[PDB]
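1. build me a structure from this.
(2 chains)
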Amino acid sequence: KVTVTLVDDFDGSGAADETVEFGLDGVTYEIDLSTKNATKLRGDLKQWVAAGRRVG
Amino acid sequence: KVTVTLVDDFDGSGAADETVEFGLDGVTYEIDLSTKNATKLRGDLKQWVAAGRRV
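-> Residues are numbered from 1 along each chain as shown, chains lettered A, B, ... in the order given. You can find the structure just below:
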């Protein structure tokens, strides 16, 4: 059979639960992550977002 | 005197050297940072950038 899986991009340990969008230096990225890893990414960026300013 | 300073947004303590653009969950941000803190931010994102895909 042909099996198609949405795999977690960060640790590859299991399936992803969501696709998270983020950005750096004018480049936009997407990443498929478990709920746990999406939570880690959001946590890593939390204080930076709090210190930054919204722009278009 | 009117004193003007470009202040690091993250630590409020150092002089800012550059503005970094970044984004999370569909919102885009700018932040003025010392060279050291800009490197810290880019470092925090390094593992995620490497694992993710453009657009």
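2. tally of neighbours for the residue in chain A that chain B sits nearest to?
-> Taking CB to the nearest CB as the measure, chain A has residue A:23 as its residue closest to chain B, at 2.7 Å. C-betas here are computed from N, CA, C, even on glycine. In terms of burial, residue A:23 registers 19 neighbours under the definition other CB atoms under 10 Å in any protein chain shown.
3. correct me if wrong: it contacts residue A:29.
-> Yes: using CB atoms under 8 Å as the test, residue A:23 is close enough to residue A:29 to be in contact (6.5 Å).
4. surely residue A:25 is in contact with residue B:18?
-> No: in this structure, residue A:25 sits apart from residue B:18 without contact. The criterion is CB under 8 Å, and the distance is 10.5 Å.
5. give me the residue at the spatial middle of chain A.
-> Nearest to the centroid of the C-alpha atoms of chain A, with distances taken as CA atoms, centre = their mean, sits residue A:20, at 3.9 Å.
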